[PDB]
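Taking it in order: structure first as structure tokens, then the write-up.
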Amino acid sequence: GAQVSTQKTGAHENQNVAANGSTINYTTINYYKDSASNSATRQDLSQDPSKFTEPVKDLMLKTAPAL
Amino acid sequence: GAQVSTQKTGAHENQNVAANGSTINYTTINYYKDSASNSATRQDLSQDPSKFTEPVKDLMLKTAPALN
Amino acid sequence: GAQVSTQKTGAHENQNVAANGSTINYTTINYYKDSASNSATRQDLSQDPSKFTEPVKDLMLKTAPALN
Amino acid sequence: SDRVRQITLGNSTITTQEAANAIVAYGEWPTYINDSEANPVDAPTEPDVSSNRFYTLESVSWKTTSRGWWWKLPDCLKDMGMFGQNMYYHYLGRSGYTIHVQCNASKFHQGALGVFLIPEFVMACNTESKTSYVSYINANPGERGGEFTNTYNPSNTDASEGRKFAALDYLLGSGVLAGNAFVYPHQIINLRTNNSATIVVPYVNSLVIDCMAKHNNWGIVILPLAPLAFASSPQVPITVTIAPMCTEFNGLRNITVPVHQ
Amino acid sequence: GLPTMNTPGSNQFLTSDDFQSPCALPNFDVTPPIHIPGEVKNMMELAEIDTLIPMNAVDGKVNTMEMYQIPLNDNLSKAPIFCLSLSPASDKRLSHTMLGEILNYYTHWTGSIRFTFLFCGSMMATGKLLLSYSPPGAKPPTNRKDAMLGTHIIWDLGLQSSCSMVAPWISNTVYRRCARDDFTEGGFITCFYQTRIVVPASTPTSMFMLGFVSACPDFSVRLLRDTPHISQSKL
Amino acid sequence: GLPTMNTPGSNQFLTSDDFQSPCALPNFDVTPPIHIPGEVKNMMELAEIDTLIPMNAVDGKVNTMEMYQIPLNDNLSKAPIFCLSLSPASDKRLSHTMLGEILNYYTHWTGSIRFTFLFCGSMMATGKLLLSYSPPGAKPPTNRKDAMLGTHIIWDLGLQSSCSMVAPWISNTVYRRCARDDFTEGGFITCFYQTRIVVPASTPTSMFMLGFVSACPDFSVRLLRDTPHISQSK
Amino acid sequence: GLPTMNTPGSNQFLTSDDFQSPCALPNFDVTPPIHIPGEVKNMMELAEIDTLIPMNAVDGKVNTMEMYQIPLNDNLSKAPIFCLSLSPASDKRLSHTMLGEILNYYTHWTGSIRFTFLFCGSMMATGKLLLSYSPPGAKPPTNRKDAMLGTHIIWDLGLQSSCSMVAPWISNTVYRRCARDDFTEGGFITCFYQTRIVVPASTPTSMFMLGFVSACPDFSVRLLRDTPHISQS
Amino acid sequence: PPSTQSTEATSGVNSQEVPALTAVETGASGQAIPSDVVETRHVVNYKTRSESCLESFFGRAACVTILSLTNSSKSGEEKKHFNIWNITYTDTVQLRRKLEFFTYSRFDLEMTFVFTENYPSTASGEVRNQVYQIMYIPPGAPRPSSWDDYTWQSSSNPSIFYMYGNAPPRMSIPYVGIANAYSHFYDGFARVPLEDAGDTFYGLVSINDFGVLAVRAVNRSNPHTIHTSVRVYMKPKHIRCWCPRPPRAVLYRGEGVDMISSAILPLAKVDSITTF
Amino acid sequence: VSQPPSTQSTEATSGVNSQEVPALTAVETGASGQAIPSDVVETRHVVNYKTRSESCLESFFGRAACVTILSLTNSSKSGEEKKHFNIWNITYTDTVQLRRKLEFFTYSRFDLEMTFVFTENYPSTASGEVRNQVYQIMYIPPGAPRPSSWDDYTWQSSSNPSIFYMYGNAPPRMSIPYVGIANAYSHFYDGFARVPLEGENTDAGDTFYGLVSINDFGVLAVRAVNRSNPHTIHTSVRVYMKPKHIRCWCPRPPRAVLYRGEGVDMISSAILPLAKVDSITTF
Ligand SMILES: CCCCCCCCCCCCCC(=O)O
Ligand SMILES: CCCCCCCCCCCCCC(=O)O
């Protein structure tokens, strides 16, 4: 039931490729029936700034005349 | 000899079982030979209220006049 | 998700070549989100002293006249 | 051609000769509540054209000394048309909006108006001795809306002036600097290039549907960003035209008649 | 031997704790189970059972058997017979019912609530009653006309005497509080006549009705709390 | 009992401690999520939103609406229109912008910064403005001729009402501190007239522009910290 | 509720331990590495670097630059030019060389030690020197004959001016103490003239030579310890 | 992992279509990057936005409240044995400001408690190890009227017990809420007055009731009064937010959103607009 | 599971009459001669299984060291509030043994562990009873607000990390990732934080030459959490720090003289590292 995930890169870890060695992984097990008891979940690095920076009905390209 | 099962869902879940992958699993091991020592059982959500709300000999239908 | 590595030799080992079987091993599991939380790294004895003792553009051999 | 926009719904259309590209807040259009999730179980009321049309709020003038204007969105149409009536008859409701602000001027008039749509627009109490103290009437001014002040002067619970909101313009009536108002969906009616601007408003809450007589999902804030000037104080008219979208209601009650001034 | 770290939360006593522990009487074999009828698996199975509503607890009719008897008559009236706040937890009469008692062990609840009325008149009695539910946030029902702007049932008294109305689950929220507050307005239930009760000569002129309340199958409760109806002297 | 040993770190409470704990409310039924428009994933998504800069934070303008209005003359001037320190966290005017406010919660920052200007003057007003950025460690660009010796654009005033310049990430260090330090010197942002603004008869002679600041897509932060811009009585 | 027992050693702080520890700054992004020049992997890579021996720490030459200059003369002499005891972490002159300083952080050590000498004389001068190492437990060399009996090399003056001698690892124990010890000494290093330095006309009649010390490739240390050279009020 | 954006190498541009020109009136932000503005070099960019994730931003346990309890020999102080606090996050400004960036949020809450004690009196003598009970009283649940009432039985109420010197106690609290997210703002009233009124019912506070926290010193009174303090800490985890707002610029007054007439001046002066 | 490499082994070697002899070289080239005993004298074969494990940089710098000692007082007198907490600059400068080891390299990159050893005693004869106290160690990154007193709002630590420890329990411990800005920490800085320009003070740089002006990692703020007692108790924290996952670059000489201050500056009374010997020929 244990999960294995990649650790955040430290001072003397591998290349920024983050795909080198088994020593960069960590193991974790949930010990509770209630998921609220789980340690913080993994970070979601997905982003979509256009939701707030370009919420335009009609899409525009950067070099297009704005008006 | 561990048991693995799902968790009651929390704030970041989509509320579907296994739709959260392995995120919602947990591991439990009994450490005692006497079952009295075990932690609480899995919730049993099965139920049947007719034992108390419709305990009748003549089957009642909802649309039939009750007093046929 | 454990790793098994050999141990540095102790008093009882008659194999200073680390060849006495499964007898000498240790098991490690990382328990944290960041690698900064991991224990000290595996020993790495690779060395190259020429970097500091013979950083000569021209290759020199030990019996070569240093200068011809 | 981005310049000319013909926007329509129901039995009404607004045509603007010069407008900036329209904004859809958060990239979403209002929709009806899908059957995958709902609080109420009554079959819904869907007024369609009776509510999904443009309504015009009383205009205001842009004097060179104005500090801004504000409206509570479902409040401003509460007594207007059939939309108003349906809001009073049903307990729950959901609606998105089309907010289209117009302000026409010739090329010689400079200055600009920022139009911001703020979900949960919450203003400070003018009374300093009380927290969040405001009456239903002062909190909900109607189609006229309210105005911002350049200065905060607590009445110390004197003649209900303390129930009225504090409304500093530079702090948006809340203690938050106006320069960051741009985080909210917004458009600028910079008179030199645009006569109008349109923003699509999805229904936003922690709930799928709520009671419109109690909760204002959004407010409208209009501020001079740049001073009005002309070469004399022209008082250029500002008109706010609003249309509900995908309006729905749920649960018929007695018509609600809120305390009246 | 095995390196470990004691995290916060260690060695604390939580009343909601679900950790294992040694058996004080290890290897005690449990007395074998037998089938016993009436097994209850969920408290909701009891919440769904019709229970009388203590509706006439007024002026000395409180804490007596007559407390559950709603008076009816053959006179002319445009007034309600009775009125209930919907809130099953805060209404003084609904709180003290089986539904209210189970419910009072919870803070949040949701779902539709069934109201069933039984007429206990003469066989020769006729008439029609208007029972309705008015969602919250508007002028209260007051008279018989405003009371029809909402969910209603017209109960035609007949051999199938009992009938029911369901106050549908209408709320802005997902769940409502059991606690009384101003926000969680339950709405109202009232009943008034469509027509007066009519009886022939030399028969009873007044009658009683018994109202019942029960949970619908879509009903649920959440967080547990101590119940305010239980009390004890200080120990 | 399995032999164990408690290591240093036992029985301590760290506010950033990330571990499991028992549920206060076992089997609690959590309200299903619903879709709500406007989901945010990262603070940087807000850092990238244009914020109006309180540039005219001068005596009589500070804390009034006019602080956001940068004046422009039709009249001849060889003076800078404005001068601003680059550091978004340290600078007095920028520390209160959304970018600044987010960065005030961080110890270090990196990446280019976008400066966008909007002209709100008469439509019939014409002219050109010079916007430029000079990296730190040299005399400030107080003379237009030096202002040109750096990153710059010339903004043609017209229907394309706005323009922008991006202060490139030029730094000796990988990240700069959000602290008001001398080592991680910000650099200089200035604007000069390229030419005087000329307007037709019966047009105001006082024009305004609104400057905005936002993070670019290459932008990031390192470490979270308490901000200095909010306080509370003891 | 897994039953456990805390063994001795529990709840103690060992400065030399190796346990995992939670990060106080979770998910912190660490500045990416670059290829920084001059990477060192081991302290022994530095132990093998030749540094000067402050051999002439004698009155008038103590704690000055001249301390590293070994005098030579063209006159007849039967005396040793110099003498060192081979105690690299305890001798007054050797404990301060790079080899000694790295070694001052260790308790015990092994391997051979190399010495290199350089003539900083005129080009005009010629002659020969005897470098010699004598193992422990005997009268240290008092004259040239003793120097010839033990391990030695003849260093001629010539174009390849530098000459090295290696004091081979001869020891009873495997490792020697770094610390001065009556039991363990590393033997003796000396130098004598093999022949008089011959100096042509108008040529300096006195010279200097420099001496260097470094670890040989078979060198190692056993245990890290605090050094005596640095202190604090 | 996903990463931040890289820079491509560029050269001179003579395009009739220019990325540096735009119109912010549309509501869109300017989109230009350095490669559009100046000639650039290629740069590989691994400076990942992890610290800025909402999950990391809100990952610290902030102090939220201070409770003050006294275990005293004086009969007039029995009541001081007992302290009830409303659950709220508005008591401390640093946490409140962070939470108020978002209009709505959903998260699981982790609570940790820290206990301390001292002597409030000059006189002292032996005091036994103190143990404390923290009982949660959900909304509408009966509250104790005093320190040792029957309600402390806590048959349904969650309750935790702690002794000094032991590890700080804690518990995880699954998202609890009436709505599908917590609201930090509420532009509305608890009740609509019907045909002036409602003055006391405006804002989030009028609809905010999650129950209260009751703390009690369990030890019976000793001859030497001991003064204790409980520091309550909170952090969100497994957190999502649905609507950015600017943070508060000036000092807060009360639980709701309001202002201090003497503290509405967040900015400082500079000598002139042309002074750096 | 591979056998680690050993130090150089010796091949049996005969004497030689070679005309190519490694004994002579030219150190002037900047290169060390490489002779091993088999190049100088006759040698036997020696199997070498010895290693350099203890000299690995990871092992060399693998011990925790005391880096600073902080002190604070829990008391109840009108002039004592200011003594309730201690604010300290993060540095390794305070203790010489660790500093000297670090100074062997010009640059270094590592993660750190922080361990805190707490103690307390009575500075006063009152010798009264006090309760076991909780102490708070809060980290305040540079530019973050600092507390004015021990009882203040900044101690809320909503963004700053902070650790709470009880006296009598295991020493608290935490890991810190490399937080340098550069790709390594610099142990030395041959430069200025800023460049005084033509329009400046002649002496400019006097207040900022050196590492002292660019190295700023914030402070630790330590307070007793407990309210004060009638009986004064004096306490202190011995802060221990350890490099971990450490690599270094560009080796340099170790310090030969008594340190003093923040830079490399020596004092006149301690510029004489070696002892005198009566003669060049003395053993
Ligand atoms: C013994 C401790 C149990 C405490 C239970 C607390 C329940 C969670 C309520 C959180 C209220 C604040 C929500 C918000 O507005 O962000
Ligand atoms: C809550 C306490 C957190 C402890 C923070 C300690 C930070 C240590 C790293 C900063 C110093 C880097 C330079 C150095 O190695 O000396």
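Following the order of the structure tokens, first chain is A, next is B, and so on, with residues numbered from 1 inside each chain and ligands from 1 in the order they appear.
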Residues contacting ligand 1 - anything with an atom at most 8 Å away, using only C-alpha atoms and all ligand atoms - can you give me those as a PyMOL selection string?
(chain F and resi 24) or (chain H and resi 87-89+99+105-106+109+111+134-136+138+158-160+171+173-177+182-184+210-213)
Residues as selected, N, CA, C and O atoms, written as a short mmCIF file (atom, residue, chain, number, x, y, z; two decimals), in the first residue's frame, can you do that?
```cif
data_model
loop_
_atom_site.label_atom_id
_atom_site.label_comp_id
_atom_site.auth_asym_id
_atom_site.auth_seq_id
_atom_site.Cartn_x
_atom_site.Cartn_y
_atom_site.Cartn_z
N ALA F 24 -9.92 14.16 13.84
CA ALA F 24 -10.73 14.65 14.93
C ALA F 24 -12.13 14.10 14.83
O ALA F 24 -12.75 13.75 15.83
N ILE H 87 -14.56 29.49 17.25
CA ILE H 87 -13.56 29.18 16.25
C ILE H 87 -13.55 30.29 15.24
O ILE H 87 -14.58 30.65 14.68
N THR H 88 -12.37 30.81 14.98
CA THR H 88 -12.15 31.88 14.04
C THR H 88 -10.71 31.95 13.63
O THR H 88 -9.84 31.47 14.35
N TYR H 89 -10.46 32.55 12.49
CA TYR H 89 -9.11 32.78 12.01
C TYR H 89 -8.81 34.26 11.97
O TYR H 89 -7.72 34.68 11.59
N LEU H 99 -5.33 34.43 4.10
CA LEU H 99 -6.55 33.75 3.71
C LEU H 99 -7.44 34.63 2.87
O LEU H 99 -8.03 34.15 1.89
N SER H 105 -12.55 29.27 -0.46
CA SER H 105 -11.53 28.23 -0.38
C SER H 105 -12.02 26.94 0.24
O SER H 105 -12.99 26.88 0.98
N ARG H 106 -11.34 25.87 -0.07
CA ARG H 106 -11.68 24.58 0.48
C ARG H 106 -10.43 23.88 0.92
O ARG H 106 -9.49 23.73 0.13
N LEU H 109 -8.26 21.13 7.63
CA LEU H 109 -7.55 21.92 8.62
C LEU H 109 -6.78 21.14 9.66
O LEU H 109 -7.30 20.24 10.30
N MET H 111 -4.97 21.32 13.29
CA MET H 111 -4.78 22.12 14.49
C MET H 111 -3.80 21.52 15.47
O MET H 111 -3.87 20.34 15.81
N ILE H 134 -9.35 19.81 26.19
CA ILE H 134 -9.87 20.69 25.17
C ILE H 134 -11.07 19.99 24.56
O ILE H 134 -10.94 18.95 23.91
N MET H 135 -12.24 20.55 24.77
CA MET H 135 -13.45 19.94 24.27
C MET H 135 -14.00 20.77 23.15
O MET H 135 -14.05 21.99 23.24
N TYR H 136 -14.42 20.12 22.10
CA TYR H 136 -14.99 20.89 21.04
C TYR H 136 -16.48 20.91 21.21
O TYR H 136 -17.08 19.87 21.40
N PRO H 138 -19.66 21.80 19.13
CA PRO H 138 -20.23 22.10 17.84
C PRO H 138 -21.39 23.05 18.05
O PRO H 138 -21.95 23.10 19.14
N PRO H 158 -16.04 15.92 20.32
CA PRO H 158 -14.64 15.57 20.21
C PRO H 158 -13.94 16.16 21.42
O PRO H 158 -14.26 17.28 21.82
N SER H 159 -12.96 15.45 21.97
CA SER H 159 -12.21 15.97 23.11
C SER H 159 -10.79 15.42 23.18
O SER H 159 -10.55 14.25 22.91
N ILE H 160 -9.84 16.29 23.52
CA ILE H 160 -8.45 15.88 23.64
C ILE H 160 -7.80 16.25 24.99
O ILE H 160 -7.95 17.37 25.50
N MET H 171 -4.85 17.49 16.10
CA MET H 171 -5.83 16.69 15.37
C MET H 171 -6.14 17.23 13.98
O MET H 171 -6.09 18.44 13.75
N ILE H 173 -8.81 18.00 11.00
CA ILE H 173 -10.20 18.32 10.83
C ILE H 173 -10.63 18.41 9.36
O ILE H 173 -10.37 19.42 8.70
N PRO H 174 -11.38 17.45 8.83
CA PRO H 174 -11.80 17.38 7.45
C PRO H 174 -12.58 18.61 7.15
O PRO H 174 -13.21 19.14 8.05
N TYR H 175 -12.58 19.07 5.91
CA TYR H 175 -13.36 20.24 5.59
C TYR H 175 -14.76 20.08 6.10
O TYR H 175 -15.47 19.16 5.72
N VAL H 176 -15.18 21.05 6.88
CA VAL H 176 -16.51 21.08 7.42
C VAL H 176 -17.16 22.30 6.87
O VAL H 176 -16.59 23.38 6.96
N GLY H 177 -18.34 22.17 6.33
CA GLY H 177 -18.98 23.36 5.84
C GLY H 177 -20.30 23.09 5.19
O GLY H 177 -20.52 22.08 4.52
N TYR H 182 -15.51 27.53 1.92
CA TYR H 182 -15.66 28.54 2.92
C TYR H 182 -15.72 29.85 2.21
O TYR H 182 -14.99 30.06 1.24
N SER H 183 -16.52 30.75 2.71
CA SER H 183 -16.53 32.08 2.14
C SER H 183 -15.78 32.95 3.10
O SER H 183 -15.97 32.85 4.31
N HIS H 184 -14.93 33.83 2.58
CA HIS H 184 -14.22 34.76 3.44
C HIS H 184 -14.89 36.11 3.45
O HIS H 184 -14.57 36.98 4.26
N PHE H 210 -19.28 27.94 13.47
CA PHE H 210 -18.74 26.62 13.28
C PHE H 210 -18.65 25.87 14.58
O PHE H 210 -18.18 24.73 14.60
N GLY H 211 -19.12 26.49 15.67
CA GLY H 211 -18.99 25.96 17.02
C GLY H 211 -17.87 26.67 17.77
O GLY H 211 -17.27 27.64 17.26
N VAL H 212 -17.65 26.26 19.02
CA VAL H 212 -16.67 26.91 19.88
C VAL H 212 -15.70 25.92 20.52
O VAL H 212 -15.99 24.74 20.68
N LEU H 213 -14.56 26.42 20.96
CA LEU H 213 -13.58 25.57 21.60
C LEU H 213 -13.57 25.82 23.10
O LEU H 213 -13.40 26.95 23.54
#
```
Considering only C-alpha atoms, extract the chain B residues located within 9 Å of chain H and return them as an mmCIF file with N, CA and C atoms, in the first residue's frame.
```cif
data_model
loop_
_atom_site.group_PDB
_atom_site.id
_atom_site.type_symbol
_atom_site.label_atom_id
_atom_site.label_comp_id
_atom_site.auth_asym_id
_atom_site.auth_seq_id
_atom_site.Cartn_x
_atom_site.Cartn_y
_atom_site.Cartn_z
ATOM 1 N N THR B 9 -13.189 10.196 1.889
ATOM 2 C CA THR B 9 -12.618 11.314 1.148
ATOM 3 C C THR B 9 -12.503 12.633 1.906
ATOM 4 N N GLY B 10 -11.585 13.489 1.438
ATOM 5 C CA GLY B 10 -11.354 14.815 1.999
ATOM 6 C C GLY B 10 -11.527 15.970 1.004
ATOM 7 N N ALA B 11 -10.921 17.104 1.345
ATOM 8 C CA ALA B 11 -11.101 18.365 0.613
ATOM 9 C C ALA B 11 -10.653 18.373 -0.840
ATOM 10 N N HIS B 12 -9.589 17.654 -1.164
ATOM 11 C CA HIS B 12 -9.030 17.728 -2.508
ATOM 12 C C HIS B 12 -9.440 16.553 -3.408
ATOM 13 N N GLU B 13 -10.426 15.775 -2.994
ATOM 14 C CA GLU B 13 -10.829 14.614 -3.782
ATOM 15 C C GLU B 13 -12.034 14.849 -4.671
#
```
Please report as a PyMOL selection string which residues of chain F come no farther than 10 Å from chain D, using only C-alpha atoms.
chain F and resi 32-39+46-54+63-70+96-99+101+118-125+158-161+199-210+212
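Superposing chain B on chain C by least squares over every C-alpha atom, paired in sequence order, leaves a C-alpha RMSD of 1.2 Å.
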If we count only C-alpha atoms, what is near residue F:17 at a cut-off of 8 Å, once residues fewer than 4 positions away on the same chain are taken out, given as a VMD selection string?
(chain F and resid 13) or (chain G and resid 22 24) or (chain H and resid 60)
Dump N, CA and C atoms for the selected residues as a CSV table (one decimal), in the first residue's frame?
```csv
chain,number,residue,atom,x,y,z
F,13,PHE,N,7.6,20.7,18.0
F,13,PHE,CA,6.6,21.3,17.0
F,13,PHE,C,7.1,22.3,16.1
G,22,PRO,N,13.4,16.2,9.0
G,22,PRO,CA,12.4,16.9,8.2
G,22,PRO,C,12.9,18.3,7.8
G,24,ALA,N,12.6,22.1,7.1
G,24,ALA,CA,11.9,23.2,7.6
G,24,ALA,C,11.3,24.0,6.6
H,60,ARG,N,2.1,26.7,6.5
H,60,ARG,CA,2.6,26.9,7.8
H,60,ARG,C,1.5,27.1,8.9
```
Spatial neighbours of stretch 70-83 of chain I, 10 Å, only C-alpha atoms, chain gap at least 3 places, as number ranges by chain:
H: 122; I: 86-88, 118-120, 122-123, 130, 133, 148-151, 220-239
Got a sec to pull out which chain F residues are within 10 Å of chain E, counting only C-alpha atoms, and send them as a ChimeraX atom specification?
/F:2-14,17-32
